[PDB]
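Q: I am attaching a structure below and will ask some questions about it afterwards.
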Amino acid sequence: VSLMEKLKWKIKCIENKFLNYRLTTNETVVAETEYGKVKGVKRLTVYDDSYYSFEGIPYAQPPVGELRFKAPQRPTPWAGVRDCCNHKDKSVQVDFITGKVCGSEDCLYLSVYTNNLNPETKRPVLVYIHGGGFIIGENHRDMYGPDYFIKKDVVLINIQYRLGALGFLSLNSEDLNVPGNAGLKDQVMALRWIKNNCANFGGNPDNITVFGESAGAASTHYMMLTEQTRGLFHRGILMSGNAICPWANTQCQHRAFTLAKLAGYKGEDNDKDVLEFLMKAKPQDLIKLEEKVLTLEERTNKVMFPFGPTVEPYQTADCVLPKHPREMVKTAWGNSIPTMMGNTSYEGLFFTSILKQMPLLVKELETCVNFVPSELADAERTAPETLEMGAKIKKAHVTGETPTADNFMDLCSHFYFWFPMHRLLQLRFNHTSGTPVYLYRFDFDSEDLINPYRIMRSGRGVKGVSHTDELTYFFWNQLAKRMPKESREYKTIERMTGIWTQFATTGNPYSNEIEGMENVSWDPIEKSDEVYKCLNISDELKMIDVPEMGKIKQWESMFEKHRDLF
């Protein structure tokens, strides 16, 4: 990231600290929790609203020392009143702006927000799980401020969980108790805390909605798949991702050794000696080296992250993924709760930064073999069956005689988001009680209001609705500003928080109280549907057949001979 954006970010970071201070009030309050009393504080918003804020509530023991790489343990309760008037650090990660490692291993916290601590009626509880590829992210209000949602009568909770190798190391040897998915286990525990404690904050423990974007969407899906969480919540919203996405899991058991060797380990490849090195290493050191872990072969095969959710090689007490997510969908309790899913209208625009640094990536579309689903493709992607399959992708996304950067980005929309969504929907319909799934398509384009991701994806001055562009209309961030109430941006904030709150409340995203929805007849998706319908969200709200359907079916054709793998 440029020196320019670094300076601009630093200045915005300073202005955020002064504005945070300015918007703080003297109204501290005390709430009960299972683990003891917590003190929060009322805060203000730039729209002249206010909310109670409890940050730094621990839902697990700090996973430091011997607890590193291990499943989370319950936290130690305290006497007296715990200070929750300030946020804790984020998980150890590479800051994408400065490029330096930041955060702390002491990261297992959640924040609770509401505009009214003593509601006369119990409120829907929305739980947000941030994205960031399972390697970055946080619940700090400079990125995920509750300022918009607290105009609604909900309780909003934002969680943290372990990222990168510290959250997703996996070792084969059962003796060492490092099977994997520590970060997902963090989420499980946090949902358990929320179920047993939201009532103390005016929440309805029997009406909980989990939602997340990107890896947060994959995370929400996992929390709907795993047995560990059965009945812990009541609605799910998957924004631009799910657990069947190719980036959403990886068999990484052989990568621990590689990490250790990048970090100076001397000795043999066996899990015990590798773990003993990794657990003594500086956490910053491990996280800064993670980027170099993937082989050239893995990158060619579109493995995006070296450590992430994995199938656990053995089943322990806290096991979350005992088999592949595709198999887990077959008995998943979450199939039987109201669900909403969606994407933006140009997801792949997110890879602009990558394509700028490696223009030779566009050449991959001459055959498209590299994008054939890994389970169908051969190792070298030289087999005639792989060339065949690649050709089907190629016909879907190459518009001319030579591929263009735009062809690449459009392809990415499908490879990373739309096709996995299709696969999940069809797989799911063969194992559901008939509870509804609703689809949206976020299609609202503006640069009058933006979020930090636009900086990372080099999206400044770039038209189209990229992956993460919708976040801007859900959460406050330190690049935001007060918008005029009749602006298209302010109306989109109202619509998006309005739809999400309505869904959270009833399991049905439609309401006539939401401006622009007057003609909307928003049906769910049915198993018998050959074409998906979605609420397209732009300056107008309109029900349309999913435009991406044609390319979606072309990708599905790759499985003509291998239907069991679809």
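Identifiers for the structure tokens are assigned positionally: chains receive A, B, ... in sequence, residues are indexed from 1 per chain, and ligands are indexed from 1 in the order shown.
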Do you know which residues are at most 10 Å from residue 553 of chain A counting only C-alpha atoms, after dropping those on the same chain fewer than 2 positions away, and could you put them as a PyMOL selection string?

A: chain A and resi 396+419+422+530-531+548-551+555-558

Q: Just the strand (DSSP E or B) stuff from segment 106-205 of chain A, please, per backbone DSSP, written as a PDB file with N, CA, C and O atoms, in the first residue's frame.

A:
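Below you can see states_16.pdb, which holds the result:
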```pdb
ATOM      1  N   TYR A 109     -12.456 -11.588  22.468  1.00  0.00           N
ATOM      2  CA  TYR A 109     -13.392 -10.636  23.051  1.00  0.00           C
ATOM      3  C   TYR A 109     -14.567 -10.398  22.121  1.00  0.00           C
ATOM      4  O   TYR A 109     -14.482 -10.674  20.923  1.00  0.00           O
ATOM      5  N   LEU A 110     -15.658  -9.885  22.686  1.00  0.00           N
ATOM      6  CA  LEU A 110     -16.821  -9.494  21.905  1.00  0.00           C
ATOM      7  C   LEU A 110     -17.301  -8.157  22.446  1.00  0.00           C
ATOM      8  O   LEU A 110     -16.994  -7.805  23.594  1.00  0.00           O
ATOM      9  N   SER A 111     -18.028  -7.412  21.614  1.00  0.00           N
ATOM     10  CA  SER A 111     -18.569  -6.108  21.994  1.00  0.00           C
ATOM     11  C   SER A 111     -20.062  -6.119  21.827  1.00  0.00           C
ATOM     12  O   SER A 111     -20.562  -6.670  20.833  1.00  0.00           O
ATOM     13  N   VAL A 112     -20.773  -5.479  22.760  1.00  0.00           N
ATOM     14  CA  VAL A 112     -22.240  -5.481  22.757  1.00  0.00           C
ATOM     15  C   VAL A 112     -22.765  -4.045  22.684  1.00  0.00           C
ATOM     16  O   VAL A 112     -22.285  -3.180  23.423  1.00  0.00           O
ATOM     17  N   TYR A 113     -23.732  -3.805  21.792  1.00  0.00           N
ATOM     18  CA  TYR A 113     -24.285  -2.461  21.590  1.00  0.00           C
ATOM     19  C   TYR A 113     -25.806  -2.473  21.543  1.00  0.00           C
ATOM     20  O   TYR A 113     -26.399  -3.374  20.953  1.00  0.00           O
ATOM     21  N   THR A 114     -26.417  -1.458  22.142  1.00  0.00           N
ATOM     22  CA  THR A 114     -27.862  -1.295  22.066  1.00  0.00           C
ATOM     23  C   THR A 114     -28.201   0.168  22.340  1.00  0.00           C
ATOM     24  O   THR A 114     -27.465   0.870  23.046  1.00  0.00           O
ATOM     25  N   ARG A 123     -35.395  -7.806  22.615  1.00  0.00           N
ATOM     26  CA  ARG A 123     -35.064  -7.414  21.251  1.00  0.00           C
ATOM     27  C   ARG A 123     -34.356  -8.505  20.465  1.00  0.00           C
ATOM     28  O   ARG A 123     -33.655  -9.333  21.057  1.00  0.00           O
ATOM     29  N   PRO A 124     -34.527  -8.510  19.126  1.00  0.00           N
ATOM     30  CA  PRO A 124     -33.717  -9.398  18.281  1.00  0.00           C
ATOM     31  C   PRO A 124     -32.249  -9.111  18.515  1.00  0.00           C
ATOM     32  O   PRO A 124     -31.882  -7.949  18.714  1.00  0.00           O
ATOM     33  N   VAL A 125     -31.433 -10.158  18.494  1.00  0.00           N
ATOM     34  CA  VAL A 125     -30.002 -10.027  18.664  1.00  0.00           C
ATOM     35  C   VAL A 125     -29.304 -10.397  17.355  1.00  0.00           C
ATOM     36  O   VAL A 125     -29.519 -11.486  16.817  1.00  0.00           O
ATOM     37  N   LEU A 126     -28.525  -9.463  16.821  1.00  0.00           N
ATOM     38  CA  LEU A 126     -27.737  -9.709  15.619  1.00  0.00           C
ATOM     39  C   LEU A 126     -26.280  -9.855  16.001  1.00  0.00           C
ATOM     40  O   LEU A 126     -25.718  -8.994  16.696  1.00  0.00           O
ATOM     41  N   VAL A 127     -25.681 -10.943  15.520  1.00  0.00           N
ATOM     42  CA  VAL A 127     -24.275 -11.260  15.810  1.00  0.00           C
ATOM     43  C   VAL A 127     -23.479 -11.174  14.530  1.00  0.00           C
ATOM     44  O   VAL A 127     -23.713 -11.958  13.600  1.00  0.00           O
ATOM     45  N   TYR A 128     -22.526 -10.256  14.480  1.00  0.00           N
ATOM     46  CA  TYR A 128     -21.708 -10.096  13.283  1.00  0.00           C
ATOM     47  C   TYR A 128     -20.349 -10.763  13.421  1.00  0.00           C
ATOM     48  O   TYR A 128     -19.648 -10.555  14.399  1.00  0.00           O
ATOM     49  N   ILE A 129     -19.997 -11.571  12.418  1.00  0.00           N
ATOM     50  CA  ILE A 129     -18.688 -12.197  12.323  1.00  0.00           C
ATOM     51  C   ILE A 129     -17.968 -11.578  11.146  1.00  0.00           C
ATOM     52  O   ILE A 129     -18.398 -11.743   9.994  1.00  0.00           O
ATOM     53  N   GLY A 145     -18.361   0.004  13.144  1.00  0.00           N
ATOM     54  CA  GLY A 145     -19.093   0.797  14.121  1.00  0.00           C
ATOM     55  C   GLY A 145     -20.571   0.480  14.029  1.00  0.00           C
ATOM     56  O   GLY A 145     -21.093   0.348  12.921  1.00  0.00           O
ATOM     57  N   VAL A 155     -30.250  -5.528  19.528  1.00  0.00           N
ATOM     58  CA  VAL A 155     -28.954  -5.614  20.186  1.00  0.00           C
ATOM     59  C   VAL A 155     -27.974  -6.135  19.140  1.00  0.00           C
ATOM     60  O   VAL A 155     -28.218  -7.166  18.512  1.00  0.00           O
ATOM     61  N   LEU A 156     -26.891  -5.399  18.923  1.00  0.00           N
ATOM     62  CA  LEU A 156     -25.863  -5.815  17.975  1.00  0.00           C
ATOM     63  C   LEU A 156     -24.583  -6.227  18.691  1.00  0.00           C
ATOM     64  O   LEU A 156     -24.034  -5.452  19.495  1.00  0.00           O
ATOM     65  N   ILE A 157     -24.099  -7.426  18.365  1.00  0.00           N
ATOM     66  CA  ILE A 157     -22.879  -7.968  18.963  1.00  0.00           C
ATOM     67  C   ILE A 157     -21.833  -8.240  17.877  1.00  0.00           C
ATOM     68  O   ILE A 157     -22.157  -8.799  16.825  1.00  0.00           O
ATOM     69  N   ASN A 158     -20.594  -7.805  18.110  1.00  0.00           N
ATOM     70  CA  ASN A 158     -19.500  -7.998  17.153  1.00  0.00           C
ATOM     71  C   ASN A 158     -18.381  -8.813  17.782  1.00  0.00           C
ATOM     72  O   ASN A 158     -17.842  -8.426  18.811  1.00  0.00           O
ATOM     73  N   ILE A 159     -18.007  -9.929  17.168  1.00  0.00           N
ATOM     74  CA  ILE A 159     -17.063 -10.796  17.849  1.00  0.00           C
ATOM     75  C   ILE A 159     -15.680 -10.732  17.233  1.00  0.00           C
ATOM     76  O   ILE A 159     -15.495 -10.251  16.108  1.00  0.00           O
ATOM     77  N   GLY A 203     -31.667  -8.376  25.220  1.00  0.00           N
ATOM     78  CA  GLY A 203     -31.835  -9.267  24.078  1.00  0.00           C
ATOM     79  C   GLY A 203     -32.753 -10.459  24.291  1.00  0.00           C
ATOM     80  O   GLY A 203     -32.919 -10.938  25.398  1.00  0.00           O
ATOM     81  N   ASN A 204     -33.341 -10.933  23.198  1.00  0.00           N
ATOM     82  CA  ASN A 204     -34.162 -12.142  23.180  1.00  0.00           C
ATOM     83  C   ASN A 204     -33.295 -13.362  22.883  1.00  0.00           C
ATOM     84  O   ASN A 204     -32.930 -13.587  21.733  1.00  0.00           O
ATOM     85  N   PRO A 205     -32.965 -14.163  23.910  1.00  0.00           N
ATOM     86  CA  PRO A 205     -32.082 -15.316  23.681  1.00  0.00           C
ATOM     87  C   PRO A 205     -32.702 -16.364  22.771  1.00  0.00           C
ATOM     88  O   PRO A 205     -32.017 -17.300  22.356  1.00  0.00           O
TER      89      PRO A 205
END
```

Q: Of the candidates A:92, A:107, A:154, A:405, which shows the shortest atom-to-atom distance to residue 201 of chain A, using only C-alpha atoms?

A: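 Comparing A:92, A:107, A:154, A:405 against residue 201 of chain A, the winner is A:154.
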
Q: What is the distance, in Å and to one decimal place, between atom CA of residue 259 of chain A and atom CA of residue 278 of chain A?

A: 8.3 Å

Q: Set the distance at 10 Å and use only C-alpha atoms: which residues neighbour segment 430-436 of chain A once local chain neighbours fewer than 6 positions away are removed? I'd like the list as an NGL selection string.

A: :A and (329-340 or 507-508 or 523-527)

Q: Put those residues in a file: N, CA and C atoms, as a PDB file, in the first residue's frame.

A:
```pdb
ATOM      1  N   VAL A 329     -23.274 -30.492   5.202  1.00  0.00           N
ATOM      2  CA  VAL A 329     -24.566 -29.925   4.800  1.00  0.00           C
ATOM      3  C   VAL A 329     -25.684 -30.972   4.885  1.00  0.00           C
ATOM      4  N   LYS A 330     -25.320 -32.247   4.784  1.00  0.00           N
ATOM      5  CA  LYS A 330     -26.329 -33.295   4.684  1.00  0.00           C
ATOM      6  C   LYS A 330     -27.121 -33.528   5.974  1.00  0.00           C
ATOM      7  N   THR A 331     -26.555 -33.167   7.120  1.00  0.00           N
ATOM      8  CA  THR A 331     -27.247 -33.352   8.396  1.00  0.00           C
ATOM      9  C   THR A 331     -27.265 -32.074   9.230  1.00  0.00           C
ATOM     10  N   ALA A 332     -26.950 -30.944   8.603  1.00  0.00           N
ATOM     11  CA  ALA A 332     -26.750 -29.687   9.326  1.00  0.00           C
ATOM     12  C   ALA A 332     -28.044 -29.159   9.904  1.00  0.00           C
ATOM     13  N   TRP A 333     -28.040 -28.908  11.207  1.00  0.00           N
ATOM     14  CA  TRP A 333     -29.214 -28.359  11.865  1.00  0.00           C
ATOM     15  C   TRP A 333     -29.620 -27.026  11.227  1.00  0.00           C
ATOM     16  N   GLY A 334     -28.633 -26.246  10.798  1.00  0.00           N
ATOM     17  CA  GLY A 334     -28.880 -24.916  10.269  1.00  0.00           C
ATOM     18  C   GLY A 334     -29.626 -24.882   8.950  1.00  0.00           C
ATOM     19  N   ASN A 335     -29.754 -26.040   8.306  1.00  0.00           N
ATOM     20  CA  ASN A 335     -30.569 -26.142   7.110  1.00  0.00           C
ATOM     21  C   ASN A 335     -32.011 -25.784   7.446  1.00  0.00           C
ATOM     22  N   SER A 336     -32.372 -25.945   8.715  1.00  0.00           N
ATOM     23  CA  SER A 336     -33.753 -25.779   9.127  1.00  0.00           C
ATOM     24  C   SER A 336     -34.006 -24.475   9.887  1.00  0.00           C
ATOM     25  N   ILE A 337     -33.245 -23.428   9.566  1.00  0.00           N
ATOM     26  CA  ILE A 337     -33.525 -22.080  10.077  1.00  0.00           C
ATOM     27  C   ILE A 337     -33.610 -21.122   8.903  1.00  0.00           C
ATOM     28  N   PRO A 338     -34.431 -20.065   9.038  1.00  0.00           N
ATOM     29  CA  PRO A 338     -34.565 -19.078   7.952  1.00  0.00           C
ATOM     30  C   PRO A 338     -33.204 -18.512   7.557  1.00  0.00           C
ATOM     31  N   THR A 339     -32.941 -18.442   6.256  1.00  0.00           N
ATOM     32  CA  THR A 339     -31.630 -18.074   5.768  1.00  0.00           C
ATOM     33  C   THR A 339     -31.714 -17.048   4.653  1.00  0.00           C
ATOM     34  N   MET A 340     -30.792 -16.097   4.655  1.00  0.00           N
ATOM     35  CA  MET A 340     -30.663 -15.171   3.537  1.00  0.00           C
ATOM     36  C   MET A 340     -29.226 -15.207   3.038  1.00  0.00           C
ATOM     37  N   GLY A 507     -37.648 -13.637  10.166  1.00  0.00           N
ATOM     38  CA  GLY A 507     -37.269 -14.715   9.268  1.00  0.00           C
ATOM     39  C   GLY A 507     -37.748 -14.450   7.856  1.00  0.00           C
ATOM     40  N   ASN A 508     -38.170 -13.209   7.631  1.00  0.00           N
ATOM     41  CA  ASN A 508     -38.749 -12.730   6.376  1.00  0.00           C
ATOM     42  C   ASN A 508     -38.189 -11.330   6.124  1.00  0.00           C
ATOM     43  N   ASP A 523     -40.071 -13.643  -2.902  1.00  0.00           N
ATOM     44  CA  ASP A 523     -40.261 -15.052  -2.633  1.00  0.00           C
ATOM     45  C   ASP A 523     -38.937 -15.691  -2.246  1.00  0.00           C
ATOM     46  N   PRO A 524     -38.992 -16.802  -1.500  1.00  0.00           N
ATOM     47  CA  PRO A 524     -37.775 -17.580  -1.275  1.00  0.00           C
ATOM     48  C   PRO A 524     -37.409 -18.384  -2.523  1.00  0.00           C
ATOM     49  N   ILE A 525     -36.246 -19.028  -2.504  1.00  0.00           N
ATOM     50  CA  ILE A 525     -35.885 -20.012  -3.534  1.00  0.00           C
ATOM     51  C   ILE A 525     -36.502 -21.383  -3.242  1.00  0.00           C
ATOM     52  N   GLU A 526     -37.067 -22.024  -4.265  1.00  0.00           N
ATOM     53  CA  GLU A 526     -37.599 -23.391  -4.121  1.00  0.00           C
ATOM     54  C   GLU A 526     -36.748 -24.441  -4.875  1.00  0.00           C
ATOM     55  N   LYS A 527     -36.784 -25.686  -4.404  1.00  0.00           N
ATOM     56  CA  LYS A 527     -36.012 -26.766  -5.010  1.00  0.00           C
ATOM     57  C   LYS A 527     -36.393 -26.947  -6.474  1.00  0.00           C
TER      58      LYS A 527
END
```

Q: As a list in words, please: every residue in segment 142-179 of chain A that DSSP puts in helix (DSSP H, G or I).

A: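 Residues of segment 142-179 of chain A classed as helix (DSSP H, G or I): residues 149, 150, 151, 164, 165, 166, 167, 168, 174, 175 and 176 of chain A.
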
Q: Neighbouring residues of segment 183-195 of chain A were defined as those with any atom within 6 Å, considering only C-alpha atoms; residues of the same chain fewer than 6 positions away were excluded. Please report them as number ranges by chain.

A: A: 59, 72, 161-162, 167, 205

Q: Let's have the selection written as a PDB file, in the first residue's frame, with C-alpha atoms.

A:
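Okay, selection39.pdb is ready:
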```
ATOM      1  CA  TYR A  59     -15.797 -15.134  26.041  1.00  0.00           C
ATOM      2  CA  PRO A  72     -10.527 -22.085  23.560  1.00  0.00           C
ATOM      3  CA  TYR A 161     -11.694 -14.856  16.878  1.00  0.00           C
ATOM      4  CA  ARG A 162      -8.126 -16.112  16.210  1.00  0.00           C
ATOM      5  CA  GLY A 167      -6.260 -19.692  14.680  1.00  0.00           C
ATOM      6  CA  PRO A 205     -32.082 -15.316  23.681  1.00  0.00           C
TER       7      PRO A 205
END
```

Q: Which one of A:261, A:381, A:542, A:454 sits closest to residue 440 of chain A if you count only C-alpha atoms?

A: A:542

Q: Give me the residues within 8 Å of segment 175-178 of chain A as a list in words, counting only C-alpha atoms and dropping any in the same chain fewer than 5 places off.

A: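 That gives residues 69, 70, 71, 169, 170 and 272 of chain A.
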
Q: Keeping only N, CA, C and O atoms, write those residues as a tab-separated table (two decimals), in the first residue's frame.

A:
```
chain	number	residue	atom	x	y	z
A	69	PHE	N	-2.69	-22.42	19.76
A	69	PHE	CA	-3.08	-23.43	18.77
A	69	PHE	C	-4.16	-24.38	19.32
A	69	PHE	O	-4.66	-25.26	18.60
A	70	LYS	N	-4.53	-24.19	20.57
A	70	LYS	CA	-5.50	-25.09	21.22
A	70	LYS	C	-6.91	-24.53	21.18
A	70	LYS	O	-7.10	-23.33	21.07
A	71	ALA	N	-7.90	-25.42	21.28
A	71	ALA	CA	-9.29	-25.03	21.46
A	71	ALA	C	-9.44	-24.04	22.62
A	71	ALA	O	-8.73	-24.14	23.64
A	169	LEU	N	-3.79	-23.50	12.67
A	169	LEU	CA	-2.77	-24.55	12.61
A	169	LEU	C	-3.47	-25.89	12.78
A	169	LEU	O	-4.43	-25.99	13.54
A	170	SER	N	-3.00	-26.92	12.06
A	170	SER	CA	-3.57	-28.25	12.16
A	170	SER	C	-2.45	-29.28	12.04
A	170	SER	O	-1.64	-29.22	11.13
A	272	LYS	N	5.46	-33.30	16.50
A	272	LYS	CA	5.86	-32.98	17.87
A	272	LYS	C	6.98	-31.93	17.94
A	272	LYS	O	6.87	-30.96	18.67
```

Q: May I have the residues within 8 Å of segment 281-290 of chain A as an mmCIF file with N, CA and C atoms, in the first residue's frame, using only C-alpha atoms and disregarding those fewer than 6 positions away in the same chain?

A:
```cif
data_model
loop_
_atom_site.group_PDB
_atom_site.id
_atom_site.type_symbol
_atom_site.label_atom_id
_atom_site.label_comp_id
_atom_site.auth_asym_id
_atom_site.auth_seq_id
_atom_site.Cartn_x
_atom_site.Cartn_y
_atom_site.Cartn_z
ATOM 1 N N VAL A 92 -3.590 -11.198 16.144
ATOM 2 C CA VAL A 92 -2.334 -10.902 15.477
ATOM 3 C C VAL A 92 -2.470 -11.076 13.963
ATOM 4 N N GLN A 93 -2.064 -10.054 13.215
ATOM 5 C CA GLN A 93 -2.314 -10.021 11.784
ATOM 6 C C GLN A 93 -1.414 -9.010 11.135
ATOM 7 N N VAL A 94 -1.231 -9.132 9.824
ATOM 8 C CA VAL A 94 -0.579 -8.079 9.058
ATOM 9 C C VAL A 94 -1.562 -6.938 8.792
ATOM 10 N N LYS A 100 2.792 -3.741 8.558
ATOM 11 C CA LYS A 100 3.451 -4.233 9.758
ATOM 12 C C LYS A 100 2.502 -5.124 10.543
ATOM 13 N N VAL A 101 3.061 -6.068 11.286
ATOM 14 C CA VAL A 101 2.246 -6.900 12.151
ATOM 15 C C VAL A 101 1.701 -6.057 13.300
ATOM 16 N N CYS A 102 0.441 -6.300 13.639
ATOM 17 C CA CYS A 102 -0.186 -5.632 14.774
ATOM 18 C C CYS A 102 -1.092 -6.638 15.448
ATOM 19 N N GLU A 105 -2.088 -11.769 20.886
ATOM 20 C CA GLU A 105 -2.661 -13.097 21.047
ATOM 21 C C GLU A 105 -3.862 -13.062 21.982
ATOM 22 N N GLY A 164 -5.241 -16.409 11.073
ATOM 23 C CA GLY A 164 -3.998 -16.982 10.568
ATOM 24 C C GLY A 164 -3.603 -18.293 11.223
ATOM 25 N N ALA A 165 -2.294 -18.527 11.290
ATOM 26 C CA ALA A 165 -1.749 -19.761 11.871
ATOM 27 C C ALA A 165 -2.146 -19.921 13.341
ATOM 28 N N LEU A 166 -2.281 -18.815 14.061
ATOM 29 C CA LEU A 166 -2.644 -18.927 15.469
ATOM 30 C C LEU A 166 -4.078 -19.424 15.627
ATOM 31 N N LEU A 259 5.925 -23.493 7.743
ATOM 32 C CA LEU A 259 5.929 -22.282 8.561
ATOM 33 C C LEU A 259 7.109 -22.282 9.528
ATOM 34 N N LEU A 262 10.340 -21.541 7.736
ATOM 35 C CA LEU A 262 10.472 -20.130 7.414
ATOM 36 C C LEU A 262 10.901 -19.325 8.647
ATOM 37 N N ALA A 263 10.519 -19.802 9.830
ATOM 38 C CA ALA A 263 10.763 -19.071 11.069
ATOM 39 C C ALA A 263 12.016 -19.541 11.816
ATOM 40 N N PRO A 306 -2.696 -20.156 3.339
ATOM 41 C CA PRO A 306 -2.043 -21.391 3.806
ATOM 42 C C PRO A 306 -2.773 -22.046 4.976
#
```

Q: Hey, what's within 12 Å of residue 538 of chain A if we count only C-alpha atoms and toss same-chain stuff fewer than 4 positions away? As JSON, numbers by chain, please?

A: {"A": [344, 345, 440, 441, 442, 443, 444, 445, 446, 464, 465, 470, 488, 489, 491, 492, 493, 495, 496, 516, 517, 542, 543, 544]}

Q: Can those selected residues be exported to a file as an mmCIF file, in the first residue's frame so that it contains C-alpha atoms?

A:
```cif
data_model
loop_
_atom_site.group_PDB
_atom_site.id
_atom_site.type_symbol
_atom_site.label_atom_id
_atom_site.label_comp_id
_atom_site.auth_asym_id
_atom_site.auth_seq_id
_atom_site.Cartn_x
_atom_site.Cartn_y
_atom_site.Cartn_z
ATOM 1 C CA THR A 344 -22.622 -7.912 -4.949
ATOM 2 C CA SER A 345 -23.117 -7.275 -8.652
ATOM 3 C CA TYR A 440 -30.352 -10.582 -2.527
ATOM 4 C CA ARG A 441 -28.008 -8.971 -5.041
ATOM 5 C CA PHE A 442 -26.247 -5.834 -3.822
ATOM 6 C CA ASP A 443 -26.031 -3.482 -6.764
ATOM 7 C CA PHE A 444 -25.638 0.004 -5.266
ATOM 8 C CA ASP A 445 -22.632 1.944 -6.520
ATOM 9 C CA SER A 446 -21.242 5.069 -4.844
ATOM 10 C CA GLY A 464 -18.835 -1.278 -10.182
ATOM 11 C CA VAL A 465 -19.938 -2.916 -6.922
ATOM 12 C CA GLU A 470 -21.900 -3.252 0.900
ATOM 13 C CA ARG A 488 -28.926 7.948 -2.120
ATOM 14 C CA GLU A 489 -26.279 6.717 0.347
ATOM 15 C CA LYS A 491 -31.356 5.831 1.998
ATOM 16 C CA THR A 492 -29.249 2.727 1.279
ATOM 17 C CA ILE A 493 -28.107 2.620 4.918
ATOM 18 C CA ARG A 495 -32.733 0.046 3.502
ATOM 19 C CA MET A 496 -29.889 -2.305 4.308
ATOM 20 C CA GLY A 516 -38.591 1.521 -1.936
ATOM 21 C CA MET A 517 -40.055 -1.887 -1.100
ATOM 22 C CA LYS A 542 -36.426 -4.726 -7.822
ATOM 23 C CA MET A 543 -37.104 -8.455 -7.945
ATOM 24 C CA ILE A 544 -35.214 -9.966 -10.886
#
```

Q: Nearest residue to residue 83 of chain A out of A:366, A:318, A:55, A:66, using only C-alpha atoms?

A: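 Checking each of A:366, A:318, A:55, A:66 against residue 83 of chain A, counting only C-alpha atoms, the winner is A:55.
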
Q: Using only C-alpha atoms, find the one residue out of A:455, A:239, A:244, A:293 that sits nearest to residue 500 of chain A.

A: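 Using only C-alpha atoms, the shortest distance to residue 500 of chain A belongs to A:239.
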
Q: Please measure the separation of atom CA of residue 469 of chain A and atom CA of residue 149 of chain A, giving the value in Å to one decimal.

A: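 Pair atom CA of residue 469 of chain A / atom CA of residue 149 of chain A returns 17.1 Å.
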
Q: For residue 506 of chain A, which residue out of A:242, A:207, A:300, A:519 is the nearest one, using only C-alpha atoms?

A: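 Of the candidates, the smallest distance to residue 506 of chain A is held by A:207.
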
Q: Between atom CA of residue 97 of chain A and atom CA of residue 12 of chain A, measure the distance and give it in Å to one decimal.

A: 12.0 Å

Q: Check the smallest atom-to-atom distance from each of A:257, A:35, A:476, A:559 to residue 393 of chain A using only C-alpha atoms, then report the winner.

A: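 Looking at the shortest contact to residue 393 of chain A, the residue is A:559.
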